[PDB]
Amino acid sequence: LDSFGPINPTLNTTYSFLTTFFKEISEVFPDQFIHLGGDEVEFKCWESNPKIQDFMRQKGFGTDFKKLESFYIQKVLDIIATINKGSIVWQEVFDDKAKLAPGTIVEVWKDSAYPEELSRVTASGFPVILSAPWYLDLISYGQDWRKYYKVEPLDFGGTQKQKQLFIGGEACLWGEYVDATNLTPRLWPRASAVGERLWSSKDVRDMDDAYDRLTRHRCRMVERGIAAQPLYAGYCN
């Protein structure tokens, strides 16, 4: 329906480009991990392409484009492993049955049944990062800092071993409706709710006390040049 779709995973020029490209990235960014993405891959374009249809039957993927996605992603993960970096991946890569090397971090972003996603990912042995309940781009009326604060990330089903695989989370501010004019007030102090939940003890959840310290903290951010938005009616100083 569009003009161009996803990266063409059947061409050797693709993987040759990605090799050279990711090698540059392994040098520019010193962090051990590179996020390869893998979210929301559309198959309609691959399905409608004759050369891809040919490639699909060449190795028995039938009409299952999850296998072509897996095939693509496995080659990229292998490129990351060869340059001695770790890989992070959005949950779709795990859900669509790609073969991930041990160590691969899976970032859980889909808000539907996310605890059960956490169980599945951890049960399969993989380290997990949670972002699903902390989509700060999804704005709403009122004190939504509380709903982010009330999340207890380890309330999913699993053994201690699985819960040890939960390494943390991220508060996400996607950019469709965000730029320099509105980023800071949208981000802070709503992201401060997630920061306490990820830093402080599990049992730190008194809402009144959280409100008391966060308004004062927010005023502190403002004093330091961060235009963090209010929690409710009031003033600073």
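A residue's number is simply how far along the shown sequence it sits, counting from 1.
Asks: Read off the CA B-factors in the entry, average them over 144-152 and over 90-98, and name the higher stretch.
Replies: It is 90-98.
Asks: Mean Cα B factor from the PDB record: higher for 167-175, or higher for 58-66?
Replies: Averaged over C-alpha atoms, the B-factors run higher in 58-66.
Asks: Can you tell me which of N182, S201, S48, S192 has the highest Cα temperature factor in the record?
Replies: Comparing C-alpha B-factors across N182, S201, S48, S192, the top value belongs to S48.
Asks: Looking at the entry's B-factor column for C-alpha atoms only, identify whether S131 ranks in the lowest, middle or highest third of its chain.
Replies: Tercile = lowest for this residue's CA B-factor.
Asks: Please rank the C-alpha B-factors of the chain's modelled residues and tell me whether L11 sits in the lowest, middle or highest third.
Replies: CA B-factor rank for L11: highest third.
Asks: Could you place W188 in the lowest, middle or highest third of its chain by Cα temperature factor, using the values in the record?
Replies: Lowest third - that is where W188 ends up once the chain's C-alpha B-factors are sorted.
Asks: Sorting the chain's modelled residues by C-alpha B-factor, tell me whether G234 ends up in the lowest, middle or highest third.
Replies: Middle third.
Asks: Going by the entry, which third of its chain does the Cα temperature factor of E42 land in?
Replies: Highest third.
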